[PDB]
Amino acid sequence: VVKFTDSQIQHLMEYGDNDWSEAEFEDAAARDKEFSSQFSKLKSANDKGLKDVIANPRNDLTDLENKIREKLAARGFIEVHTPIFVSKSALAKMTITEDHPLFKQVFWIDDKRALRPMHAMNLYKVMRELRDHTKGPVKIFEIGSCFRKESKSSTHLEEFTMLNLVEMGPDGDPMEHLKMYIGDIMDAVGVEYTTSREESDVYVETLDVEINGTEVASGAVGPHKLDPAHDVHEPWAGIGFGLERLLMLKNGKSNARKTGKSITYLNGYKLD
């Protein structure tokens, strides 16, 4: 009728990924006996995991990116690296001004610049100017950090790695093209997935993708209301994936902070 306290679960959740939610005990002394035994059990397995990294070096995040890069490369996508700084006017083009709920989540650098909370601003600009240099499909994507202000015990990261791809002039059907790129992304992760195409009024069609019943991304297809503000006048398709959450699901990790850019974790193992 008693189990772990609120701060000894926190140590077990830092060195291990298993759910100690309902592991009951006889008394307050029996709960302390297994905590110390399990706390050292995870601590030493966490130690041997990093010893394996030192013997067989690798970076889980880089390895995943390079597989996504080479799958999208077979489809004819150009990888671009856009700046992290974005303008106040670019954010205003995406309806993101003071009345928008995402406005208070924005890290401002000066009165005119901020850290990008998404890739749409820079990809809208790049994909349109590429249209000036070709009459065929524009296929670009980017992998890099975006930033948002968050609650401090919230599960969401303040800096997270986003993968956003977009095709601006599909030679085939734009929705079928996006579904095929989804499958390319999922095979790089190694998981199977569920897709559910659903209607919407502000896009032409929406594609909700989910892994094990958990929605992880939603793609758009067709002309959007914000297109004329970016001088875009053709049907397009695109979707964004959070890469830390994908690693967390593939590796059964406790939370997204264990797989992202961090000074306390490395390939999922704790450093201190």
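The numbering used is simple: start at 1 and walk along the sequence shown.
For the pair 66-74 and 29-37, the mean Cα B-factor is higher in 29-37.
Here 234-242 and 200-208 are compared by their mean Cα B-factor, and 200-208 comes out higher. The top Cα temperature factor in the record, among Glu167, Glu150, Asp110, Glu142, falls on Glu150.
When the C-alpha B factors of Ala256, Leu249, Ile263, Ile9 are read from the deposited coordinates, the top value falls at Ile9. Sort the modelled residues of the chain by CA B factor and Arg58 lands in the middle third. Ranked by C-alpha B-factor against the other modelled residues of its chain, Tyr124 falls in the lowest third.
Ranked within its chain, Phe103 lands in the middle third, by CA B factor from the PDB record. In the deposited entry, the Cα temperature factor of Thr95 sits in the middle third of values across the chain's modelled residues. For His224, the recorded CA B-factor ranks within the highest third of the chain. Only modelled residues enter the ranking.
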